[PDB]
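The chain contents come next:
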Amino acid sequence: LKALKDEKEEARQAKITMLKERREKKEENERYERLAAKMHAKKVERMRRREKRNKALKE
Amino acid sequence: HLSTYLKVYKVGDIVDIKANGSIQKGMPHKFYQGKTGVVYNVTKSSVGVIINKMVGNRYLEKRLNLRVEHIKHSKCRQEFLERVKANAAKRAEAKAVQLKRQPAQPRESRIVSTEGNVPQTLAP
Amino acid sequence: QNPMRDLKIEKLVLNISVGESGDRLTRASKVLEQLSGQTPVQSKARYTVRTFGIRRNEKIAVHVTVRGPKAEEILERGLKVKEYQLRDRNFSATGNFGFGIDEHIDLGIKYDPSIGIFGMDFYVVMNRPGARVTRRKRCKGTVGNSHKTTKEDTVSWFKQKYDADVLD
Amino acid sequence: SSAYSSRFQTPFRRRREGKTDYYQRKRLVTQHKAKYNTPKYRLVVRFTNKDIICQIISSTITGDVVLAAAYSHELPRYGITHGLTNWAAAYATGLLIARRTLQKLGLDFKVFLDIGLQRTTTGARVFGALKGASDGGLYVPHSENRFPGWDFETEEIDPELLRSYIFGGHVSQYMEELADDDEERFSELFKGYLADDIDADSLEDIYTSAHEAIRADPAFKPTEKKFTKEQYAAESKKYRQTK
RNA sequence: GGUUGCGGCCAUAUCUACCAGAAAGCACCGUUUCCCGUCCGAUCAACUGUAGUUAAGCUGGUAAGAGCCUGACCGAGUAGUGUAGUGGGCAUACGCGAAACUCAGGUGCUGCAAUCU
RNA sequence: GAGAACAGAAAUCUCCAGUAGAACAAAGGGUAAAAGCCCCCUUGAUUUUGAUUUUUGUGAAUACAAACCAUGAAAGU
């Protein structure tokens, strides 16, 4: 019994680990892209602050 | 969608009202949506449609004009006409029946074989 | 190999951004007009700034565009002022390049204190045959990657004709 | 990116290529529709390099149909090898397709011009084809505004000027000027014309030629079609990829 | 079978990267007296297809790619839900019955006319 | 985003990306060779005859024909 259940659960754990590895690679590069975009956005809104720019009227 | 303009609509045809958001002109009738009415007259720009609207407990008759963009041909009577034509054919064949419809009947006797399909016994 | 994939000059735009609007603009007007032969275009201000000392719709610059042999002729007579020595920069990513000159009198035109002195910015756009696909109306499209101009190709074309240097 | 691609909404294929304008197309094809079938006919003129196209189209949910179609490559049969894309050549093609359609309907009807994407300018070859067709006798609605020689400074027109344009007067006077001023550009731009040694009165007579010829036989003498279907197909499949 | 023109359905067609395209055409491309319009024959207008090019565009294949579409004895007869009971302290009985996700597969199909080794 | 003398985060110029993230009387629908900006011409925001929906009172919008008109080469509006 201990022989049988451990190869079956081991194969299933292999499937689990492949799923997890894949999802984490994808979300990792996604997170890197979003983080660089966030930093770029922060840097541009840093210099836009020097502009007076009442956003309302039309100037 | 240009196929919504090469669409002849003759007096008598039945059509559903389904107004699309893409044309601000003639957006009709908030609750006349998914409601069916036959066409009474047609002009340019235009089609007539009549609907039996109920108020109280009587069906009064509301006639209306709509742009062709919102209306749509109804497939309401497809099986009706198919069955009528098939009934004409079957009546001709009889003249040479139960052409009426019938609900689902109880399935009749039969034989089930065991050639390669031996029954597989099992449990919870 | 390059039978049609060459790197001709398309056009040069000469621009004069003035701190003030008026007869100064008209004089810069006249300068670019006499340099090109044709009539230039007056550009207004987009919005008010109040630190550069201007306002909306103030006619604060004048510029002109030139195509043909005239363009590269004027380009060479202007680059004589910069004596054929640009920088690693002054070359865009997409394969264009420009510079700026003070004392416009350093190409042929004399002092003439009648009017004064102006500086101007040259900018020069490069391409090959086949740019019409992104400029016409019918049939509009875009150009492939292999045929795209680039800083490297332009810099090589420039270390070639005009026989210049990069200076860093 | 993924989200931008997903939220993207593609236009129609014929629009993604710069080929049609549905804004104009619906105003054309859409009928009164109180009258029910009444197919609306439109003459479609198109200019490519080296060739002209003039067709007459009805459109339907099958997608459309071509009852009559002519091109400028037919005019060599009618008496002109040269200048197929010019104003007079498109005028001739329009007269050709008009007499053709009028022959097939047997009358000697009402067709609406399609401009395409070409700009509406005074002295355009689309209006030359218009004048050819109206020549032919099909009633198309139009105004005398856009024919060439329309003095923009007022509301008048000189018929002799567009008569000269029909006969090829601008090309002829440019030939004369470039000839008596130079021969480099002349030999470059007029090699076939130079080998032929054609005149101004000459070329007007040739266009009259071709006019009477299309009035004689507009019945579409078709091409000879050498090397029938399977030859073309197999030889093209030699160079067609496959998965 | 290839291509051009007009279209229908509107990503199975779109995006990204690379490659191939005899012939046909299409396209870049050559010129600016006139019709015309441009700050600027770059666009638009006109002329000859002559000087010349498949480089580009366009067409087609390719990617354990993105997306888009289809299907699933995929999820699952699960969740949820209508009815009954002196059933327990939520199951049972007769019934109805999903979706997301996951997995797999695919990557434009066509109408009219003309034309090509 | 890259790039150009004075000129910098914002003055003017050029190129690339950019399904709308802009504008159309502030988190929303609809609109991209436009329903947006600029340009050309006009002022149909005009009279007569009836029809429909909202609504018995009107008004509002809606389509519908005849005329005078504008517009575009035209379809047509």
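Residue labels here follow a simple count from 1 along each chain's written sequence instead of the entry's numbering, which may differ, and residues missing coordinates are not shown. Chain letters start at A and ligand numbers start at 1, both assigned in the order the entries are written. This view holds some of the chains of a larger assembly, and the values cover only those chains. Processing note: side-chain calculations cover all non-hydrogen atoms of the structure and skip hydrogens and water entirely. Residues with missing side-chain atoms are left out of burial classes, side-chain pairs and their counts.

Going by the header, the method for this PDB entry is cryo-EM, and the resolution given is 3.0 Å.

## Re the environment of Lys5 of chain A
Under the convention used in this document: Going along the chain from the N terminus, every DSSP run of H or I of four or more residues is numbered as a helix, and every run of E of two or more is numbered as a strand.
Within the secondary structure layout, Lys5 of chain A lies in helix α1 (residues 2-48). On a C-alpha basis, the gap between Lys5 of chain A and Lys38 of chain A in space is 48 Å, while along the polypeptide they are 33 residues apart.

## Quick word on the sheet that holds strand β5 (residues 120-126) of chain C
Residue and element names in this part refer to chain C. Counted only if it meets this: The pairing criterion is simple: DSSP has to find at least two bridges between the two strands. The convention used is that axes are lines fitted to C-alpha atoms, helices contributing only their stretch in contact, and that angles between N-to-C directions extend from 0 to 180 degrees. Only heavy atoms matter for contacts: two residues are in contact if any of them lie within 4.5 Å across the pair.
Here we have 5 strands laid out as an open sheet, ordered β2-β3-β1-β5-β4, and antiparallel in their pairing. Bordering the open sheet on either side are β2 (41-43) and β4 (96-101), each of which pairs with just one other strand. For this sheet, the mean inter-axis angle between neighbouring strands, taken without regard to orientation, is 20°. Of the strand pairs in this sheet, strand β1 (residues 9-17) and strand β3 (residues 61-67) are connected by 7 bridges, and their pairing is antiparallel. Across the sheet, the residue bridging to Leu12 is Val66, located in β3. Across the sheet, helix α1 (residues 23-36) is in contact with β1, β2, β3 and β5; its angle to β3 comes to roughly 10°. In the packing of helix α2 (residues 69-79) onto the sheet, the strands contacted are β1, β3, β4 and β5, and the crossing angle to β1 comes to about 55°.

## With respect to the side chain of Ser72 of chain D
Residue and element names in this part refer to chain D. So the rule is basically this: For the exposure calls, accessible area comes from a 1.4 Å probe over protein chains only, and a residue counts as buried if that area is under 20% of its type's maximum, exposed if over 50%, partly exposed in between. In the analysis that follows, any N or O atom pair within 3.5 Å is treated as a polar contact, provided that within protein one partner can donate a hydrogen and the other can accept it, and provided that, for residues neighboring in sequence, both atoms belong to side chains.
Checked against the element boundaries, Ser72 lands in the loop between β3 (65-71) and α4 (75-78). Exposure remark for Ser72: the relative accessible area of 1% places this residue in the buried category. Side-chain polar atoms of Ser72 contact the side chain of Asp51, separated by 2.5 Å. Excluding anything up to four places from it in sequence, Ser72 contacts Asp51, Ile52, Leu84 and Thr93.

## Points about the protein's contact with RNA strand F
So the rule is basically this: Throughout this document, a residue counts as near a molecule or strand when at least one of its heavy atoms sits within 4 Å of that molecule or strand. Any residue that is not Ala, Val, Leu, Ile, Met, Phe, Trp, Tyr, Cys, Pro, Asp, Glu, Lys or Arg is counted as polar, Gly included; the first ten are nonpolar and the last four charged.
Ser45 and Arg63 of chain B, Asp121 of chain C together with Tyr4 and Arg15 of chain D are the nearest of the 76 residues found near RNA strand F. Among the atoms of RNA strand F lying within 4 Å of the protein, the sugar-phosphate backbone contributes 63%. Taking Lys53 of chain B, its side chain carries an N or O atom lying 3.0 Å from a phosphate oxygen of RNA strand F. A total of 5 residues in the surface near RNA strand F trace back to one element, the largest contributor, which is β4 of chain C. Its residues assigned to classes, the surface near RNA strand F shows 28 nonpolar, 25 polar and 23 charged.

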